[PDB]
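Take a look at this single chain, the form deposited in one PDB entry, given in structure tokens.
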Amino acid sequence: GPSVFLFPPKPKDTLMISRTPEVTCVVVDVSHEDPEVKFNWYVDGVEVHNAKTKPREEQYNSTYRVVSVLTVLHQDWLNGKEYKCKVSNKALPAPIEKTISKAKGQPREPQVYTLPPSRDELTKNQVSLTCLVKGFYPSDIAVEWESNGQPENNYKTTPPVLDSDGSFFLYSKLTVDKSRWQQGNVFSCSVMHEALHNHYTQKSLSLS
């Protein structure tokens, strides 16, 4: 029989007003005989009608994968609205319902610390500037770097990691030419997270 999986929006889509956070209802093991899937969607129990139907895909094992995509309001997802996908198909005895929402739990604001390059690293041509972001909940977060008003893009950020108190941490690493560090340029780590004031905070790092 068919089975249903329900996926949340991307963390980063929820935190950016220009992005479209979507909840995705996915039905697998849909037979060729009875391939037609009906989707009903509910927001805090009340039905909504604006979901997008996607064309099915046959799946090598000769079953269809069938998907419905519901756009969620940024503030609805953040305020813990519950989203329910109800799937009806001829090969089911009764419809299947799956439900999802943002991670529950008291949100906690990230603490942001910057760490200069280690001394031993100045033997090398490039240096690591480190941004430690810790104590945040839930784990949805976005971290960037900038300098003299313009984005720095040669950085990598670890996934959030669960700490012992139940909150999360991560590190972001900005690589810059050691000449820029020794020359005293000013670099900043910026963080977006629902629990920050204006969902935004930034911390600078420079030689001294």
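When you see a residue number, it is the position in the sequence shown, counting from 1.
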query: Average Cα temperature factor in the PDB entry - higher stretch of 61-69, 156-164; finding: 61-69
query: 179-187 or 138-146, whichever carries the higher mean Cα B-factor; finding: 179-187
query: Candidate set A103, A91, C131, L78 [ranked by C-alpha B-factor, highest]; finding: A91
query: Top Cα B factor in the deposited entry, candidates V30, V26, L174, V43; finding: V30
query: CA B-factor ranking of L122, expressed as a third of its chain; finding: highest
query: Cα B factor band for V4 (lowest, middle or highest third within the chain); finding: middle
query: Assigned third (lowest, middle, highest) for the C-alpha B factor of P95; finding: highest
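One more form of this protein exists, namely the form deposited in another entry; it is left out here, but the text below deals with it.
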| property | result |
| --- | --- |
| Hinge residue among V30, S172, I141, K102, where one rigid part swings against the other between this form and the one not shown | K102 |
